[PDB]
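Undergrad: Here is the input, now give the coordinates:
(2 chains, ligands or ions: 4)
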Number of protein chains: 2
Amino acid sequence: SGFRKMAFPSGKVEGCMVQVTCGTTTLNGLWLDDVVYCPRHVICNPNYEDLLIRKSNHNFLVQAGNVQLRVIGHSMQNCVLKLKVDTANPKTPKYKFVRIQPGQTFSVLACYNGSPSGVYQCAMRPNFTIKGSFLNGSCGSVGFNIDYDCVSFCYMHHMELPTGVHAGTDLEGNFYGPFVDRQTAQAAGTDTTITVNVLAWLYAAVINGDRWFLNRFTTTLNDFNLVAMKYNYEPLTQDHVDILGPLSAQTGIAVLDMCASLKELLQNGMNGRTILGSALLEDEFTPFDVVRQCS
Amino acid sequence: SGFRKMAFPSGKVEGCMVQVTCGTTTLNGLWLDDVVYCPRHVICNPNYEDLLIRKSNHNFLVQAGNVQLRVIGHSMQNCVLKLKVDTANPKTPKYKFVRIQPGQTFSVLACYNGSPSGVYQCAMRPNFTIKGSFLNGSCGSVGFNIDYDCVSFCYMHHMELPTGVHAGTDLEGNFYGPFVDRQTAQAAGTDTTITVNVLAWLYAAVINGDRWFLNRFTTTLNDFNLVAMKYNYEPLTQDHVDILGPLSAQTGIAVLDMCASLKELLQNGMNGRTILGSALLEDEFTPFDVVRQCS
Ligand SMILES: *C(=O)c1cccc2c(I)n[nH]c12
Ligand SMILES: *C(=O)c1cccc2c(I)n[nH]c12
Ligand SMILES: [Cl-]
Ligand SMILES: [Cl-]
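TA: Numbering: from 1, shown residues only, chains lettered A, B, ... in the order given. Ligands and ions are numbered 1, 2, ... in the order given. See the structure here:
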């Protein structure tokens, strides 16, 4: 019983975190086999190809705890620097670089000066920002999922935007969203609520005995989607209805009956009631998150 | 910027988690130096001294990943079993066994069959329960804080109570609260809201630019405490006012001015507004948690 924002155990990622310094700029890197990955900003209008051609291997200080790693090669891939080192990280887990979709969740290991500070779950918002928790020095901190023994790295932290939300890249240095790794007027676009996640979370609440918000009513996909649009919820698709199948089955509540409940919650609010300890409709749990945690 | 329920990085604890089996009962243990700690329930009205005297070392299967640990001694300390093993855990961190107070937070590493599944933050409620997330098999999962390099273990998971909340022990096997490790009519007592934490979190919101709920008003400790009692909030003490000092100073808001804001929030509710992404007054962040995460 119970329902928490649960992160993956961070051990496998902690053994990969290093400190990278160039000049008087320090930030975090990720040490997998004999490569260290970090934000190319570590070498800072800028023209990064110009800035990098002016560097040598000896201009990069990499520290894994105490041990200094010798840099023997450097190259840029999009917004990430790859520092080749003379030692394979003996703690390298099985890993993959995957890009996630808006609406998907991942764990963030927040790190300062190469030292892990804390782990929390995040969703990629529809507007390709994340509502993270990051202070000066967290640049290079990574986001990940773990399946069996395999770490799927999906995010590397770069920027804080003016609304206090966060912007970064996948591990091949491609930004999520229309953001750049320099100072501009850039701002988060308008965001939406992740409908499939809100329905997943209502399923979690049912599995955990919160049933107050249910009703005998139903609706069609199309009449649901007309109320969705009105309250800045993204459209529900048949794929979404299909991925909610296993939760529908476990609870005996049709997806379109759960939609009728959500329409009533959006039209009436909660009348001072809570669901799974929240007074608002939570949208940062995926169907997979609910199945992973509930039973 | 941002404010998340952040857990400690779990690596140091993951390297200590083992599986313990006795008969057909399996649960989790904690392997520190040459001792394994687990819930004595693993040997299950029961009379545990009777049950334990009937066991031998060979009746305990301890598995650290694949490696079977040889049990060379067994003893009971309150509700915890101590299995002496022939090998010191080479991954033992610096550690302490500390008992926490109601209102204090800790990280939970939820584990199944000796394998870590997920990490989340919990508070010890005033009624000495925790609102955890635990499924069958999580028995033995531990709660902890980390200071520098030192793991302070504070909780070992035992029971789910009929409201779906959780009960366990400190690492010397002394229960938090008036609970026993057997089936009875036992239930959580009435709970209260942790006032000092709610004020800490309002400070976090200010540090992060949520200031809508502030007012020009003040109150005394005693007039605050009269509204506290009415809404099932615990009393605020001068110690509490003292521990809020550093957050008061950083924000320039007197503790008793923040109390006046809280009284208004309790009397009026939020009028459909949010604070740090919540529509209700959050009480599971300590003053230390806010200082740790904010700046
Ligand atoms: C990390 O701190 C980081 C990464 C990319 C761009 C920037 C900027 I402008 N300031 N810090 C950055
Ligand atoms: C762990 O599962 C555990 C610990 C203590 C007591 C009990 C009981 I009764 N069922 N499971 C227990
Ligand atoms: Cl790999
Ligand atoms: Cl120690």
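
Undergrad: do you know how far the nearest residue to residue A:65 once chain neighbours are set aside is from ligand 1?
TA: Counting by Cβ to Cβ, 6 or more residues apart in numbering or on different chains, residue A:114 is the residue found nearest to residue A:65 once chain neighbours are left out, at 7.9 Å. Bear in mind the C-beta positions are built from the backbone N, C-alpha and C, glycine included. Here the criterion is Cβ to the nearest ligand atom, to the nearest Å. By it, residue A:114 lies 14 Å from ligand 1.

Undergrad: Could you pull up the residues touching residue A:114?
TA: Contacts of residue A:114 were listed using Cβ atoms under 8 Å, 6 or more residues apart in numbering or on different chains, and they are A:17-20, A:28-29, A:63-65.

Undergrad: before we move on, what about residue A:106?
TA: For residue A:106, the contacting residues are A:100, A:121-122, A:124, A:143-145, A:154-155, taking Cβ under 8 Å, 6+ apart as the criterion.

Undergrad: Same question for residue A:261.
TA: Residue A:261 makes contacts with A:202, A:213-215, as judged by Cβ under 8 Å, 6+ apart.

Undergrad: Kindly report the same for residue A:48.
TA: A:40, A:76.

Undergrad: follow-up on the earlier one: in ChimeraX, how would I select the buried members of the contacts of residue A:114?
TA: Selecting in ChimeraX just the buried members of the contacts of residue A:114, where the criterion is 16 or more other Cβ atoms under 10 Å in any protein chain shown, is done with this command:
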select /A:17,18,19,20,28,29,63,64
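
Undergrad: Between the contacts of residue A:114, which sits nearest ligand 4?
TA: Set against ligand 4, the nearest of the contacts of residue A:114 by Cβ to the ion is residue A:65 (18.8 Å).

Undergrad: just to revisit the earlier point, mind checking which of the contacts of residue A:261 are buried?
TA: A:202, A:213-214.

Undergrad: Tell me the one of the contacts of residue A:114 nearest ligand 2?
TA: Ranked by distance to ligand 2 (Cβ to the nearest ligand atom), these are led by residue A:17 at 34.2 Å.

Undergrad: How about the closest one: what's its closest non-neighbour residue?
TA: When the adjacent residues along the chain are set aside, residue A:17 lies closest to residue A:111, with 5.2 Å between them (Cβ to Cβ, 6+ apart).

Undergrad: list the contacts for that neighbour?
TA: By Cβ under 8 Å, 6+ apart, residue A:111 lies in contact with A:17, A:28, A:117, A:138, A:140-141.

Undergrad: A strand includes it, no?
TA: Yes - if the criterion is DSSP: H, G, I helix; E, B strand; the rest coil, then residue A:111 is within a strand.

Undergrad: State the distance from the residue lying farthest from the centre of chain A to residue A:260.
TA: The outermost residue of chain A, judged against the average C-alpha position, is residue A:216 (36.1 Å), by Cα atoms, centre = their mean. Remark: distance between residue A:216 and residue A:260 (Cβ to Cβ, to the nearest Å) = 9 Å.

Undergrad: sec struct for residue A:68, please.
TA: Under the three-state scheme (three-state DSSP), residue A:68 adopts strand.

Undergrad: What is the neighbour count of it?
TA: Other residues near residue A:68 come to 10 when the count uses other Cβ atoms under 10 Å in any protein chain shown.

Undergrad: From what I see, it and residue A:58 are in contact.
TA: No - applying Cβ atoms under 8 Å as the test, residue A:68 and residue A:58 come out as separate, 11.4 Å apart.

Undergrad: related to what we said a few turns ago, in which helix or strand does the residue farthest from the centre of chain A reside?
TA: Assigned by DSSP states H and E, residue A:216 belongs to neither a helix nor a strand.

Undergrad: for it, phi and psi?
TA: Per-residue torsions, residue A:216: phi -80, psi -10 (degrees, to the nearest 10).

Undergrad: residues in contact with residue A:283?
TA: A:123, A:193-195, A:197-198, A:201.

Undergrad: Which one of the residues in the stretch 151-295 of chain A is closest to ligand 3?
TA: The nearest approach of the stretch 151-295 of chain A to ligand 3 comes at residue A:151, 8.5 Å away (Cβ to the ion).

Undergrad: Helix, strand, or coil at residue A:229?
TA: Put simply, residue A:229 is helix when judged by three-state DSSP.

Undergrad: count of residues packed around it?
TA: By other Cβ under 10 Å, neighbour count at residue A:229 equals 12.

Undergrad: And the residue nearest to it when sequence neighbours are not counted, how close does it get to residue A:177?
TA: In space, not counting the residues next to it along the chain, residue A:229 is nearest to residue A:235; the distance is 7.6 Å by Cβ to Cβ, 6+ apart. Between residue A:235 and residue A:177 the distance, using Cβ to Cβ, works out to 20 Å.

Undergrad: circling back: hang on, isn't the residue of the stretch 151-295 of chain A closest to ligand 3 packed against residue A:12?
TA: Yes - under the criterion of Cβ under 8 Å, residue A:151 lies in contact with residue A:12, with a separation of 5.2 Å.

Undergrad: Need the overlap of contacts for the two.
TA: Applying Cβ under 8 Å, 6+ apart, one finds that residue A:151 and residue A:12 are jointly contacted by residue A:93.

Undergrad: residue contacts, the residue of chain A found nearest ligand 1?
TA: Nearest to ligand 1 in chain A, going by Cβ to the nearest ligand atom, is residue A:139, at a distance of 2.7 Å. In this structure, residue A:139 makes contact with A:27-28, A:39, A:41-42, A:157-158, judged by Cβ under 8 Å, 6+ apart.

Undergrad: how much space is there between it and residue A:172?
TA: In this structure, residue A:139 and residue A:172 are 17 Å apart, going by Cβ to Cβ.

Undergrad: Wasn't residue A:29 part of a strand?
TA: Yes - counting by three-state DSSP, residue A:29 is part of a strand.

Undergrad: list the contacts for residue A:161?
TA: Listed by Cβ under 8 Å, 6+ apart, the contact set of residue A:161 reads A:129, A:167, A:179, A:186-188.

Undergrad: nope, residue A:230 is what I was after
TA: Residues counted as contacts of residue A:230 (Cβ under 8 Å, 6+ apart) are residue A:266.

Undergrad: Just give the number of residues close to residue A:99.
TA: Neighbour count for residue A:99, taken as other Cβ under 10 Å: 16.
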